[PDB]
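**Student:**
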Amino acid sequence: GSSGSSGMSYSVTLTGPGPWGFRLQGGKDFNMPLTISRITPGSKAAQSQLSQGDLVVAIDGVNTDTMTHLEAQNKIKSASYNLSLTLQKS
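Residues 417 to 506 in the numbering used here are what the sequence shown lists, from first letter to last.
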């Protein structure tokens with residue numbers, strides 16, 4: 417069928433430069449949801465709403481379900497002024 421359940425979709429604003437002490441997990445090229453692999457303790461990512469396990473939907477306003485693990489990651493670099501990341505509550 418067609419129907420997805422949600423809990424709470426949020427976003428994070430990681431102003432740059434960060435750096436972004438957070439890695440991505442799974443991905444489209446992995447047939448997995450882009451989740452917050454890991455996060456650096458004391459980093460901005462660990463001072464926002466970014467948490468390990470989070471479900472990334474869009475990066476800087478760009479869905480990930482379509483973007484591969486790399487692509488998504490490449491987006492992190494692409495970011496400049498700010499690094500927005502839309503997550504979802506599993």
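Ideal placement from N, C-alpha and C gives every residue a C-beta, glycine not left out.
Does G443 pass the burial test, meaning 16 or more other C-beta atoms within 10 Å, or should it be called exposed?
**Tutor:** As a working mapping, residue 443 is identified with position 27 in the sequence shown. Buried, by the Cβ-count rule.
**Student:** For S422, which residues of its own chain have a beta-carbon under 8 Å away from its beta-carbon, when the five flanking residues on both sides are left out?
**Tutor:** Sequence index remark: in the sequence shown, residue 422 carries index 6 (1-based). Hits under 8 Å: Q504, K505.
**Student:** When you compare the CB positions of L430 and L499, do they come within less than 7 Å of one another, or not?
**Tutor:** Translated into positions along the sequence shown, residue 430 becomes position 14. Translated into positions along the sequence shown, residue 499 becomes position 83. Their beta carbons are under 7 Å apart, which means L430 touches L499 by this criterion.
**Student:** On a Cα-Cα basis, can you pick out the residue from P435, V428, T484, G469 that is closest to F446?
**Tutor:** As a working note, residue 446 is residue 30 in the sequence shown. Here the closest residue by C-alpha is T484.
**Student:** Tell me whether the beta-carbon of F438 lies closer than 7 Å to the beta-carbon of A474.
**Tutor:** Your numbering for residue 438 matches position 22 in the sequence shown. Your numbering for residue 474 matches position 58 in the sequence shown. Result no, Cβ atoms of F438 and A474 do not sit closer than 7 Å.
**Student:** Quick check: the Cα distance between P433 and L440, rounded to an integer number of angstroms?
**Tutor:** In the sequence shown, the residue the question calls residue 433 occupies position 17. In the sequence shown, the residue the question calls residue 440 occupies position 24. Taking the straight line joining both Cα atoms gives about 18 Å.
**Student:** If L501 sits next to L466, beta carbons under 8 Å apart, how far is it from one beta carbon to the other, in whole angstroms?
**Tutor:** As a working note, residue 501 is residue 85 in the sequence shown. As a working note, residue 466 is residue 50 in the sequence shown. Indeed they touch by this definition, with Cβ atoms about 7 Å apart.
**Student:** Which first and last residues belong to the alpha helix (DSSP H) in which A488 is found?
**Tutor:** Taking the first residue of the sequence shown as 1, we reach residue 488 at position 72. Unbroken alpha helix (DSSP H) run through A488: 485 to 494.
**Student:** How is the beta strand (DSSP E) around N498 delimited, first residue to last?
**Tutor:** Taking the sequence shown and counting its residues from 1, the one referred to as residue 498 is at position 82. Looking at the DSSP string, the run of the beta strand (DSSP E) that includes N498 is 498 to 504.
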